[PDB]
Amino acid sequence: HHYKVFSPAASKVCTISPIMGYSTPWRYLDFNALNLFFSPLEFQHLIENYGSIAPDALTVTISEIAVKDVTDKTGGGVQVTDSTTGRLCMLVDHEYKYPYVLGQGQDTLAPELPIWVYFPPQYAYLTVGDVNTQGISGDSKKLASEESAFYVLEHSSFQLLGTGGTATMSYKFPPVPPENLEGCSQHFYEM
Amino acid sequence: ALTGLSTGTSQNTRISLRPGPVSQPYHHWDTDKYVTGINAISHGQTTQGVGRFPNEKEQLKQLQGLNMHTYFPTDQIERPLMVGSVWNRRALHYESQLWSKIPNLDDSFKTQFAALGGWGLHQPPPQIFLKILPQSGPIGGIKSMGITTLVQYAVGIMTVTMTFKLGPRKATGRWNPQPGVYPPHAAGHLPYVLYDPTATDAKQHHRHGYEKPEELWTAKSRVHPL
Amino acid sequence: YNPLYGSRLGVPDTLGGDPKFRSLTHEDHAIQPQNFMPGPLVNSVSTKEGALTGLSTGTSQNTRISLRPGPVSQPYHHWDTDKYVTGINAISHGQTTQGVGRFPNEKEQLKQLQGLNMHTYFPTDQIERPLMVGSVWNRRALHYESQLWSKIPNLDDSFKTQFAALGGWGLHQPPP
Amino acid sequence: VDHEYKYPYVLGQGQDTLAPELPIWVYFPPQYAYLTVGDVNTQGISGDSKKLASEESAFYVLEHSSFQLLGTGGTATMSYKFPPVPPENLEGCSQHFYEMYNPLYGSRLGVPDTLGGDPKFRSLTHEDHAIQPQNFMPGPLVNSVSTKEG
Amino acid sequence: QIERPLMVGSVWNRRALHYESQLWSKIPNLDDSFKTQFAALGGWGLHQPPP
Amino acid sequence: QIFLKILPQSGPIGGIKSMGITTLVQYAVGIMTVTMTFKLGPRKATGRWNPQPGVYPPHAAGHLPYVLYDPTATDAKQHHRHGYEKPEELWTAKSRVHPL
Amino acid sequence: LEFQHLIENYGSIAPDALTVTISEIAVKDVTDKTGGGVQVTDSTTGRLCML
Amino acid sequence: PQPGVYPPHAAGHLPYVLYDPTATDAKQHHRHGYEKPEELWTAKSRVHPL
Amino acid sequence: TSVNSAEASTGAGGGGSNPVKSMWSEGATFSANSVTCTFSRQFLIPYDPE
Amino acid sequence: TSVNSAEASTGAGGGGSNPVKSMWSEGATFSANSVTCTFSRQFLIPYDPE
């Protein structure tokens, strides 16, 4: 369960400065796509029957948790058993303590079909730092600086969930402008 | 190399600003031709391949089309924000992200909608972090053990419930029918239906008979006057 | 964004009338799509790259007023990575003895793409950024010697006048 | 009376359609006509183009709605409340906003004097008025040129 | 150049109302707009103008 | 003092031959959670004109302490610390000062 | 970070109270794994002595 | 740790403290041992994620 | 026969379930007059054979 | 495949949990007129095959 510094070198277009960040042993849940919530039929029904849409409220429930032990199978391979002492750590960051990486167009979403298993992404984030010249080479890396935020999620309180455990997050969206689902039959410059 | 709208300290040291502001399209059917923006983002590709894009026909109608020149009597593509401007945002589509965090910088202009789609939020849905609690392997009278962890993995069911507020449809005064709310078209055969690809002359066998549309499915088919 | 993952969004790879798009890796970080644009910059150049010098408006080269320090949405001095950079539009709160100017270090603006000499490329190379829909930016930092207020001129209309260019708060009815 | 704004709104377009300026003149109200979206169809070999009606093209038949039939001597009244809107200021300004400083004093703020990478700043006098620092910027101008320079 | 961008902290005057000015225009009900309270031909921009 | 041990468990005795006496191989794990409350006094009021000294974070022998860093990015010579470093001074407070 | 916050914001410190909680105890049996090595299982009869 | 909230630096010696300029090799004798910082003192030393 | 006969299948031992919730408690809560500091560690106590 | 493929990993059998508390009771409590003496021993009763 290592924390690692994400630190590529820079030397073809680079970013404005070399990026630096941290990779954590935590996973996180990404469900930030509309097509997860609507089947194709339901989305047709939405756009056929309603003039606008806005997000209102969200609930995330984790249920049927199984922490599964693995051991060697007779005759080779491995076999799996349910663990009564294994725990799934769940940390819900209501405070936004931790760098927010959702909503970046990344390939991290829940599967589009309900028949597919979600493999939640590893949590990793970029932070500010100081650009240090790599000796004579003139190539550059961003080294950590006093401003560089190193977050250790194990330093906070989080829930330990056993097998069969359930936990629920709830969120209310702020008021936001609805997306208009209906178009225009006129050019505004031809009124 | 990095094409399209970008900002930085030199040609070699830049970030992409794609897709650019929501107040401009990056793909639409122009009158006889699909036009795609240099700033376009693709929600996957039809197989690298042909991009999958929203048809921003409501922006094209309101002088926001790609390659719209503005003439200052002198010819340029840039329009400044003018007092008394009106425009359409890029359409929400079936595959759009729902939100992004508005960065909590000091000030901002019209950040209610994120460039990749959905709503800009200062306090978005909170991140849920999960990991398995590491379990120590045995230490004691057994020889040569070292330190180990128990091989454990976790599974479960993530259930996500989202409520959306829905506005009513606008009343229609037209005599003639509204346009059909067509379902979107696939590159081969039909989208969202499991089909046997050996029955059809479509060339999307790599999709194994379940196909996404090649357009992003955008609503806005029905229209009302201004 | 999460640095470990590639985008689910493709970007142009082959240009022309029939463009081909390419999926992004976890390592072409420079072409990461963005949800929000950076803020406006107006002649936000250093003294090296910038009589009345700097941002100014008038009827001719001889008949102008200074618009220094320019909008609060852009710095005029910061530590860049190995060098102090000062704007042609900079105002000095006195000098270290004419002499070296005394300036706020606008490091929070430099971090958010508002640095001096930030080019924007429109594929063409210019320093000006227009105000974009969905822009985010930092204002120039309040500092110990900043003025506290200025009167917002009671003209018909204004845009984002809550902060005066010289620092502190724009007020319609300031301290009498 | 189209309280619902069902029908394309054509008022407020600078058109020569107004009621007469003098009360001694008879108003001849304009014929209602409006523009709608459509599809550009090439006129054969010529390459000239017309916009043909398309599914989006809105064809409105006002006789398909309910309306009042008024006989001779009939009266009917419409009433409308405006939304809250900013008032037009009828009074001007006796000052330039860029000249709100005290003319007797110099700035406590220096401005660039020597340029380059190591710039030297100079304190302003009470008489280099043209380089007075400003708290507020002037407004946007777009091609705001005279007929001679346009 | 003649163009001024909209700057943060801009102040300006609108074109004066005059005796012959139109009183209103319909603001087109597009998704978004900037400072449409006054129509370019004069008078007030209104989303729901006099019917 | 909190003393912990595993209760020894006897291995099998009975009809199986040659067993001897044995103990079950067992180990224990768990979570020790320690909560400590400290009483905190307020800071003394400062009459000074000039700023108090900075409450500097302590200095590391290489680079910076308490931050995970990539030691290949820095010319520091503390590679044996693998980029997580303690300060070389102990971090002591008492940076701010008051008259007698 | 918390120690920085302590020394930045407070004039003195004294110990006040302590709570120690031992939780999630698992007494784990060990036995031979198939193919060599050992494997671990949770024990319902194992006991951790706490004094 | 957060970055230190450093007091600002003077061109010579230390700001906001009356000092004897004959004790120091600083070259700001024209300030007579009371000195402003050469940077303006700006806050924002502590930082938070986005 | 063998479970290996299906190449994408693993054997399963049918282990137990324990739907307990517990906390990992960590962090300092500061107040005007006190701080409450909590840390958690996993501990291991080894097999002692005698 | 094998769990031995990770060299710092051990197989786990997913055993049961039993959050019972019990006492090891030992010691003499003296009083003016009596003493209460408690001892505890682990006992073992062997397998008897017949």
# chains A, B, ... in the order shown; residues from 1 in each chain; ligands from 1
call {"tool": "calpha_fit_and_write", "arguments": {"fixed": "chain J", "moving": "chain I", "output": "short mmCIF file (atom, residue, chain, number, x, y, z; two decimals) with N, CA, C and O atoms, in the first residue's frame"}}
result
data_model
loop_
_atom_site.label_atom_id
_atom_site.label_comp_id
_atom_site.auth_asym_id
_atom_site.auth_seq_id
_atom_site.Cartn_x
_atom_site.Cartn_y
_atom_site.Cartn_z
N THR I 1 -1.50 -20.47 -11.94
CA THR I 1 -1.25 -19.36 -11.04
C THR I 1 -1.18 -19.84 -9.59
O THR I 1 -1.68 -20.91 -9.25
N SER I 2 -0.54 -19.03 -8.74
CA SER I 2 -0.36 -19.37 -7.34
C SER I 2 -0.28 -18.08 -6.53
O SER I 2 0.18 -17.05 -7.02
N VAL I 3 -0.75 -18.15 -5.28
CA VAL I 3 -0.56 -17.05 -4.35
C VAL I 3 0.92 -16.81 -4.07
O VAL I 3 1.33 -15.68 -3.76
N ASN I 4 1.75 -17.85 -4.19
CA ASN I 4 3.20 -17.68 -4.08
C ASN I 4 3.78 -16.76 -5.14
O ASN I 4 4.93 -16.34 -5.00
N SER I 5 3.02 -16.43 -6.19
CA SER I 5 3.52 -15.53 -7.22
C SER I 5 3.84 -14.14 -6.67
O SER I 5 4.73 -13.46 -7.20
N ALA I 6 3.15 -13.70 -5.63
CA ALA I 6 3.57 -12.56 -4.84
C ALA I 6 4.35 -13.04 -3.62
O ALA I 6 3.82 -13.77 -2.79
N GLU I 7 5.62 -12.63 -3.54
CA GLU I 7 6.54 -13.24 -2.58
C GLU I 7 6.27 -12.77 -1.15
O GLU I 7 6.57 -13.49 -0.20
N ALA I 8 5.70 -11.58 -0.99
CA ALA I 8 5.34 -11.05 0.32
C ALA I 8 3.86 -11.23 0.64
O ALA I 8 3.31 -10.48 1.44
N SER I 9 3.21 -12.21 0.02
CA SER I 9 1.80 -12.48 0.25
C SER I 9 1.62 -13.88 0.80
O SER I 9 2.36 -14.81 0.46
N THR I 10 0.63 -14.03 1.67
CA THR I 10 0.21 -15.33 2.19
C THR I 10 -1.23 -15.62 1.78
O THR I 10 -2.05 -14.70 1.66
N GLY I 11 -1.52 -16.89 1.55
CA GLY I 11 -2.89 -17.31 1.36
C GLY I 11 -3.72 -17.09 2.62
O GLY I 11 -3.21 -17.13 3.74
N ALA I 12 -5.01 -16.85 2.42
CA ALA I 12 -5.95 -16.65 3.51
C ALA I 12 -7.18 -17.52 3.31
O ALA I 12 -7.73 -17.60 2.21
N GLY I 13 -7.61 -18.17 4.39
CA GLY I 13 -8.72 -19.09 4.39
C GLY I 13 -10.06 -18.51 4.80
O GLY I 13 -11.05 -19.25 4.83
N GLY I 14 -10.13 -17.22 5.11
CA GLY I 14 -11.40 -16.57 5.41
C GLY I 14 -12.17 -17.15 6.57
O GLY I 14 -13.39 -17.34 6.47
N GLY I 15 -11.50 -17.43 7.68
CA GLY I 15 -12.15 -18.02 8.84
C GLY I 15 -13.17 -17.10 9.50
O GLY I 15 -13.33 -15.92 9.18
N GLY I 16 -13.88 -17.69 10.47
CA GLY I 16 -14.98 -17.02 11.15
C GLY I 16 -14.54 -16.03 12.22
O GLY I 16 -13.39 -15.99 12.65
N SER I 17 -15.50 -15.22 12.67
CA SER I 17 -15.28 -14.20 13.69
C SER I 17 -16.19 -14.48 14.88
O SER I 17 -17.31 -14.95 14.72
N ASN I 18 -15.68 -14.18 16.08
CA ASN I 18 -16.43 -14.46 17.32
C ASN I 18 -16.10 -13.42 18.38
O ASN I 18 -15.22 -13.63 19.22
N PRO I 19 -16.81 -12.29 18.39
CA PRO I 19 -16.40 -11.15 19.23
C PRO I 19 -16.77 -11.30 20.70
O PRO I 19 -17.19 -10.33 21.34
N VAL I 20 -16.61 -12.50 21.25
CA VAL I 20 -16.91 -12.78 22.65
C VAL I 20 -15.81 -12.20 23.54
O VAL I 20 -14.63 -12.20 23.18
N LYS I 21 -16.21 -11.70 24.70
CA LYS I 21 -15.30 -11.37 25.80
C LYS I 21 -15.46 -12.38 26.93
O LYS I 21 -16.59 -12.67 27.35
N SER I 22 -14.34 -12.91 27.41
CA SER I 22 -14.32 -13.77 28.59
C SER I 22 -13.16 -13.36 29.48
O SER I 22 -12.24 -12.66 29.06
N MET I 23 -13.23 -13.80 30.74
CA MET I 23 -12.21 -13.48 31.73
C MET I 23 -11.31 -14.69 31.99
O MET I 23 -11.79 -15.83 32.06
N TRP I 24 -10.02 -14.43 32.12
CA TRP I 24 -9.12 -15.28 32.90
C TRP I 24 -9.14 -14.79 34.35
O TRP I 24 -8.56 -13.75 34.66
N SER I 25 -9.80 -15.55 35.22
CA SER I 25 -9.98 -15.16 36.61
C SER I 25 -8.94 -15.85 37.48
O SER I 25 -8.93 -17.08 37.58
N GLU I 26 -8.08 -15.06 38.12
CA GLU I 26 -7.07 -15.59 39.02
C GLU I 26 -6.77 -14.59 40.12
O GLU I 26 -6.93 -13.38 39.95
N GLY I 27 -6.34 -15.12 41.26
CA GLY I 27 -5.91 -14.33 42.41
C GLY I 27 -6.71 -14.57 43.67
O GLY I 27 -7.86 -15.00 43.63
N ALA I 28 -6.09 -14.27 44.81
CA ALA I 28 -6.74 -14.25 46.11
C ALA I 28 -7.17 -12.83 46.47
O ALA I 28 -6.34 -11.92 46.46
N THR I 29 -8.45 -12.65 46.77
CA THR I 29 -8.94 -11.43 47.39
C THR I 29 -9.12 -11.70 48.88
O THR I 29 -10.02 -12.44 49.28
N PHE I 30 -8.27 -11.09 49.70
CA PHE I 30 -8.38 -11.17 51.15
C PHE I 30 -9.36 -10.16 51.71
O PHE I 30 -9.55 -9.06 51.17
N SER I 31 -10.00 -10.54 52.82
CA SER I 31 -10.82 -9.65 53.62
C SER I 31 -10.55 -9.95 55.09
O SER I 31 -9.81 -10.88 55.42
N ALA I 32 -11.13 -9.13 55.97
CA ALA I 32 -10.91 -9.31 57.40
C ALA I 32 -11.25 -10.72 57.86
O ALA I 32 -10.57 -11.28 58.72
N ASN I 33 -12.30 -11.32 57.29
CA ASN I 33 -12.84 -12.56 57.82
C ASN I 33 -12.81 -13.70 56.82
O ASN I 33 -13.26 -14.80 57.15
N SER I 34 -12.31 -13.47 55.61
CA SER I 34 -12.31 -14.50 54.59
C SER I 34 -11.34 -14.12 53.48
O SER I 34 -10.92 -12.97 53.36
N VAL I 35 -10.98 -15.11 52.67
CA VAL I 35 -10.29 -14.89 51.41
C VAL I 35 -11.06 -15.63 50.32
O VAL I 35 -11.52 -16.75 50.54
N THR I 36 -11.21 -14.99 49.17
CA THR I 36 -11.73 -15.65 47.98
C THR I 36 -10.58 -15.92 47.02
O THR I 36 -9.97 -14.98 46.50
N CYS I 37 -10.29 -17.19 46.78
CA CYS I 37 -9.18 -17.60 45.94
C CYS I 37 -9.72 -18.13 44.62
O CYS I 37 -10.54 -19.05 44.62
N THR I 38 -9.26 -17.56 43.52
CA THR I 38 -9.62 -18.06 42.20
C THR I 38 -8.35 -18.45 41.46
O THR I 38 -7.36 -17.71 41.46
N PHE I 39 -8.38 -19.62 40.83
CA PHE I 39 -7.38 -19.98 39.84
C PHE I 39 -8.07 -20.43 38.57
O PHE I 39 -9.19 -20.93 38.59
N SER I 40 -7.38 -20.26 37.45
CA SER I 40 -7.82 -20.77 36.16
C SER I 40 -6.71 -21.62 35.56
O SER I 40 -5.53 -21.31 35.70
N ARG I 41 -7.11 -22.70 34.91
CA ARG I 41 -6.22 -23.49 34.08
C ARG I 41 -6.92 -23.78 32.77
O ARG I 41 -8.13 -24.04 32.75
N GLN I 42 -6.18 -23.71 31.68
CA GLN I 42 -6.60 -24.42 30.48
C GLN I 42 -6.56 -25.92 30.74
O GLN I 42 -5.60 -26.44 31.31
N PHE I 43 -7.60 -26.61 30.30
CA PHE I 43 -7.61 -28.06 30.33
C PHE I 43 -7.74 -28.61 28.92
O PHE I 43 -8.23 -27.94 28.01
N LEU I 44 -7.27 -29.84 28.74
CA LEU I 44 -7.45 -30.58 27.50
C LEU I 44 -7.98 -31.97 27.82
O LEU I 44 -7.46 -32.65 28.70
N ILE I 45 -9.01 -32.37 27.09
CA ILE I 45 -9.56 -33.72 27.16
C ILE I 45 -9.27 -34.41 25.84
O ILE I 45 -9.69 -33.93 24.78
N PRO I 46 -8.54 -35.53 25.84
CA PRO I 46 -8.04 -36.08 24.58
C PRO I 46 -9.13 -36.76 23.78
O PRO I 46 -10.20 -37.10 24.29
N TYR I 47 -8.84 -36.95 22.50
CA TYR I 47 -9.61 -37.87 21.68
C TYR I 47 -9.53 -39.27 22.27
O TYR I 47 -8.44 -39.83 22.43
N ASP I 48 -10.69 -39.84 22.58
CA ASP I 48 -10.80 -41.25 22.91
C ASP I 48 -11.41 -41.99 21.73
O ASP I 48 -12.57 -41.75 21.38
N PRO I 49 -10.67 -42.89 21.07
CA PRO I 49 -11.17 -43.50 19.84
C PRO I 49 -12.24 -44.55 20.07
O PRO I 49 -13.01 -44.83 19.15
N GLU I 50 -12.31 -45.12 21.27
CA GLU I 50 -13.30 -46.14 21.58
C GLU I 50 -13.70 -45.97 23.04
O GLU I 50 -12.90 -46.21 23.94
#
call {"tool": "residues_around", "arguments": {"residues": "residue 107 in chain D", "least_positions_apart": "4", "cutoff": "9 Å", "atoms": "only C-alpha atoms", "output": "list in words"}}
result
residues 123, 124, 125, 126, 132 and 133 of chain D
call {"tool": "select_by_dssp", "arguments": {"residues": "chain C", "states": "strand (DSSP E)", "output": "NGL selection string"}}
result
:C and (9-14 or 20-23 or 37-38 or 56-60 or 63-66 or 77-80 or 83-86 or 92-93 or 95-96 or 99-101 or 103-104 or 119-121 or 125-126 or 135-137 or 149-151 or 157-159 or 169-171)
call {"tool": "residues_around", "arguments": {"residues": "residue 119 in chain B", "least_positions_apart": "2", "cutoff": "7 Å", "atoms": "only C-alpha atoms", "output": "PyMOL selection string"}}
result
chain B and resi 98-100+112-114+117+121
call {"tool": "write_last_selection", "arguments": {"atoms": "C-alpha atoms", "output": "PDB file, in the first residue's frame"}}
result
ATOM      1  CA  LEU B  98     -22.716  15.255 -15.638  1.00  0.00           C
ATOM      2  CA  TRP B  99     -20.493  17.658 -13.705  1.00  0.00           C
ATOM      3  CA  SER B 100     -17.051  19.080 -13.184  1.00  0.00           C
ATOM      4  CA  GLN B 112     -22.298  27.115 -14.762  1.00  0.00           C
ATOM      5  CA  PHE B 113     -21.466  24.655 -17.580  1.00  0.00           C
ATOM      6  CA  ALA B 114     -18.204  22.729 -17.848  1.00  0.00           C
ATOM      7  CA  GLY B 117     -20.404  18.936 -20.691  1.00  0.00           C
ATOM      8  CA  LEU B 121     -20.179  22.870  -9.515  1.00  0.00           C
TER       9      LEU B 121
END
call {"tool": "interface_residues", "arguments": {"of": "chain A", "to": "chain G", "cutoff": "9 Å", "atoms": "only C-alpha atoms", "output": "compact mmCIF listing (two decimals) with N, CA, C and O atoms, in the first residue's frame"}}
result
# COMPACT_ATOMS: atom_id res chain seq x y z
N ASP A 69 -10.74 -13.55 0.83
CA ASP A 69 -9.43 -14.19 0.93
C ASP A 69 -9.14 -15.03 -0.32
O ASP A 69 -10.04 -15.61 -0.92
N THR A 71 -6.33 -18.12 -1.65
CA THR A 71 -5.30 -19.08 -1.28
C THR A 71 -5.10 -20.05 -2.44
O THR A 71 -5.87 -20.07 -3.41
N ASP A 72 -4.05 -20.86 -2.34
CA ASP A 72 -3.77 -21.87 -3.35
C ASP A 72 -4.86 -22.94 -3.39
O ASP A 72 -5.31 -23.43 -2.35
N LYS A 73 -5.27 -23.29 -4.60
CA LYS A 73 -6.19 -24.39 -4.84
C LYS A 73 -5.44 -25.71 -4.94
O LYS A 73 -4.29 -25.75 -5.37
N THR A 74 -6.11 -26.78 -4.54
CA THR A 74 -5.61 -28.13 -4.79
C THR A 74 -5.42 -28.35 -6.29
O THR A 74 -6.31 -28.04 -7.09
N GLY A 75 -4.27 -28.88 -6.67
CA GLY A 75 -3.98 -29.08 -8.08
C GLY A 75 -3.58 -27.82 -8.82
O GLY A 75 -3.55 -27.84 -10.06
N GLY A 76 -3.29 -26.74 -8.12
CA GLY A 76 -2.82 -25.52 -8.73
C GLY A 76 -3.92 -24.52 -9.02
O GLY A 76 -5.12 -24.83 -8.98
N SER A 83 -14.30 -13.50 3.64
CA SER A 83 -13.57 -13.16 4.85
C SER A 83 -14.49 -12.45 5.84
O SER A 83 -15.15 -11.47 5.48
N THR A 84 -14.54 -12.95 7.07
CA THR A 84 -15.28 -12.26 8.12
C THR A 84 -14.45 -11.17 8.79
O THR A 84 -15.02 -10.28 9.42
N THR A 85 -13.12 -11.23 8.69
CA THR A 85 -12.26 -10.22 9.28
C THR A 85 -11.72 -9.20 8.27
O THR A 85 -11.25 -8.14 8.69
call {"tool": "closest_atom_pairs", "arguments": {"of": "chain E", "to": "range 75-93 of chain D", "cutoff": "12 Å", "atoms": "only C-alpha atoms", "output": "CSV"}}
result
residue,atom,partner,partner_atom,distance
E:12,CA,D:93,CA,11.7
E:13,CA,D:92,CA,9.7
E:14,CA,D:88,CA,9.1
E:15,CA,D:88,CA,9.8
E:16,CA,D:88,CA,7.9
E:17,CA,D:88,CA,6.9
E:18,CA,D:90,CA,9.8
E:19,CA,D:90,CA,11.8
E:23,CA,D:88,CA,11.1
E:24,CA,D:82,CA,10.1
E:35,CA,D:86,CA,11.2
E:36,CA,D:85,CA,10.7
E:37,CA,D:85,CA,7.1
E:38,CA,D:86,CA,8.7
E:42,CA,D:88,CA,10.4
E:43,CA,D:88,CA,8.5
E:44,CA,D:85,CA,7.3
E:45,CA,D:85,CA,8.6
E:46,CA,D:83,CA,7.7
E:47,CA,D:83,CA,9.0
E:48,CA,D:83,CA,8.1
E:49,CA,D:82,CA,7.3
E:50,CA,D:80,CA,6.2
E:51,CA,D:80,CA,7.7
call {"tool": "write_last_selection", "arguments": {"atoms": "N, CA and C atoms", "output": "JSON list (two decimals), in the first residue's frame"}}
result
[["chain", "number", "residue", "atom", "x", "y", "z"],
["E", 12, "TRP", "N", -18.55, 51.79, -18.41],
["E", 12, "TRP", "CA", -18.90, 52.46, -19.66],
["E", 12, "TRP", "C", -20.30, 53.04, -19.56],
["E", 13, "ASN", "N", -20.62, 53.87, -20.54],
["E", 13, "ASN", "CA", -21.96, 54.41, -20.73],
["E", 13, "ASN", "C", -22.62, 53.69, -21.89],
["E", 14, "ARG", "N", -23.92, 53.43, -21.75],
["E", 14, "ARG", "CA", -24.73, 53.00, -22.87],
["E", 14, "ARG", "C", -25.13, 54.17, -23.75],
["E", 15, "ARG", "N", -25.44, 53.85, -25.01],
["E", 15, "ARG", "CA", -26.09, 54.79, -25.91],
["E", 15, "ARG", "C", -27.36, 55.38, -25.31],
["E", 16, "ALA", "N", -27.48, 56.70, -25.40],
["E", 16, "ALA", "CA", -28.58, 57.42, -24.78],
["E", 16, "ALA", "C", -29.93, 57.03, -25.38],
["E", 17, "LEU", "N", -30.92, 56.86, -24.51],
["E", 17, "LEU", "CA", -32.31, 56.86, -24.94],
["E", 17, "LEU", "C", -32.65, 58.19, -25.61],
["E", 18, "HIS", "N", -33.46, 58.13, -26.66],
["E", 18, "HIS", "CA", -33.87, 59.33, -27.36],
["E", 18, "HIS", "C", -35.36, 59.27, -27.69],
["E", 19, "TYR", "N", -35.90, 60.46, -27.99],
["E", 19, "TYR", "CA", -37.32, 60.64, -28.22],
["E", 19, "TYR", "C", -37.90, 59.64, -29.22],
["E", 23, "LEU", "N", -39.00, 51.28, -27.82],
["E", 23, "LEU", "CA", -39.09, 51.05, -26.39],
["E", 23, "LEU", "C", -38.59, 49.68, -25.95],
["E", 24, "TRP", "N", -38.76, 48.65, -26.77],
["E", 24, "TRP", "CA", -38.29, 47.33, -26.38],
["E", 24, "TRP", "C", -37.90, 46.53, -27.61],
["E", 35, "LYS", "N", -25.44, 40.74, -20.78],
["E", 35, "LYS", "CA", -25.88, 42.14, -20.68],
["E", 35, "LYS", "C", -26.88, 42.52, -21.78],
["E", 36, "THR", "N", -27.96, 41.76, -21.87],
["E", 36, "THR", "CA", -29.00, 42.00, -22.86],
["E", 36, "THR", "C", -30.12, 42.91, -22.36],
["E", 37, "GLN", "N", -29.96, 43.56, -21.20],
["E", 37, "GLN", "CA", -31.02, 44.42, -20.68],
["E", 37, "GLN", "C", -31.41, 45.54, -21.64],
["E", 38, "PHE", "N", -30.50, 45.97, -22.51],
["E", 38, "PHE", "CA", -30.78, 47.02, -23.48],
["E", 38, "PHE", "C", -30.55, 46.53, -24.90],
["E", 42, "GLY", "N", -32.12, 50.45, -29.18],
["E", 42, "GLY", "CA", -32.67, 51.29, -28.14],
["E", 42, "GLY", "C", -33.74, 50.59, -27.34],
["E", 43, "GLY", "N", -34.09, 51.22, -26.23],
["E", 43, "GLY", "CA", -35.05, 50.66, -25.31],
["E", 43, "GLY", "C", -34.53, 49.40, -24.65],
["E", 44, "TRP", "N", -35.46, 48.67, -24.03],
["E", 44, "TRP", "CA", -35.14, 47.58, -23.13],
["E", 44, "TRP", "C", -35.27, 46.23, -23.83],
["E", 45, "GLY", "N", -34.27, 45.38, -23.63],
["E", 45, "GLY", "CA", -34.42, 43.97, -23.96],
["E", 45, "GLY", "C", -35.36, 43.30, -23.00],
["E", 46, "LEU", "N", -36.32, 42.55, -23.54],
["E", 46, "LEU", "CA", -37.28, 41.82, -22.72],
["E", 46, "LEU", "C", -37.39, 40.39, -23.23],
["E", 47, "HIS", "N", -37.38, 39.44, -22.30],
["E", 47, "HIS", "CA", -37.66, 38.05, -22.66],
["E", 47, "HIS", "C", -39.13, 37.84, -23.00],
["E", 48, "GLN", "N", -40.03, 38.46, -22.23],
["E", 48, "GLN", "CA", -41.47, 38.41, -22.46],
["E", 48, "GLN", "C", -41.96, 39.83, -22.72],
["E", 49, "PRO", "N", -41.76, 40.34, -23.93],
["E", 49, "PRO", "CA", -42.15, 41.71, -24.25],
["E", 49, "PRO", "C", -43.67, 41.84, -24.33],
["E", 50, "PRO", "N", -44.18, 43.07, -24.47],
["E", 50, "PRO", "CA", -45.59, 43.27, -24.82],
["E", 50, "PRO", "C", -46.06, 42.32, -25.91],
["E", 51, "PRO", "N", -47.14, 41.59, -25.67],
["E", 51, "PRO", "CA", -47.59, 40.58, -26.64],
["E", 51, "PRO", "C", -48.07, 41.20, -27.94]]
call {"tool": "closest_atom_pairs", "arguments": {"of": "chain B", "to": "chain F", "cutoff": "10 Å", "atoms": "only C-alpha atoms", "output": "CSV"}}
result
residue,atom,partner,partner_atom,distance
B:135,CA,F:29,CA,8.0
B:136,CA,F:29,CA,7.3
B:137,CA,F:27,CA,8.9
B:138,CA,F:27,CA,6.4
B:139,CA,F:27,CA,7.0
B:140,CA,F:27,CA,7.3
B:141,CA,F:25,CA,8.0
B:142,CA,F:25,CA,8.4
call {"tool": "residues_around", "arguments": {"residues": "residue 41 in chain E", "least_positions_apart": "3", "cutoff": "8 Å", "atoms": "only C-alpha atoms", "output": "list in words"}}
result
residues 13 and 14 of chain D; 21 and 22 of chain E
call {"tool": "write_last_selection", "arguments": {"atoms": "C-alpha atoms", "output": "short mmCIF file (atom, residue, chain, number, x, y, z; two decimals), in the first residue's frame"}}
result
data_model
loop_
_atom_site.label_atom_id
_atom_site.label_comp_id
_atom_site.auth_asym_id
_atom_site.auth_seq_id
_atom_site.Cartn_x
_atom_site.Cartn_y
_atom_site.Cartn_z
CA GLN D 13 -36.83 45.20 -35.15
CA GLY D 14 -36.54 48.84 -36.27
CA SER E 21 -36.09 55.25 -29.83
CA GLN E 22 -37.91 51.96 -29.87
#
call {"tool": "residues_around", "arguments": {"residues": "residue 105 in chain C", "least_positions_apart": "3", "cutoff": "8 Å", "atoms": "only C-alpha atoms", "output": "PyMOL selection string"}}
result
(chain C and resi 77-79) or (chain H and resi 39-40+42)
call {"tool": "atom_distance", "arguments": {"atom1": "CA of residue 86 in chain F", "atom2": "CA of residue 23 in chain A"}}
result
21.0 Å
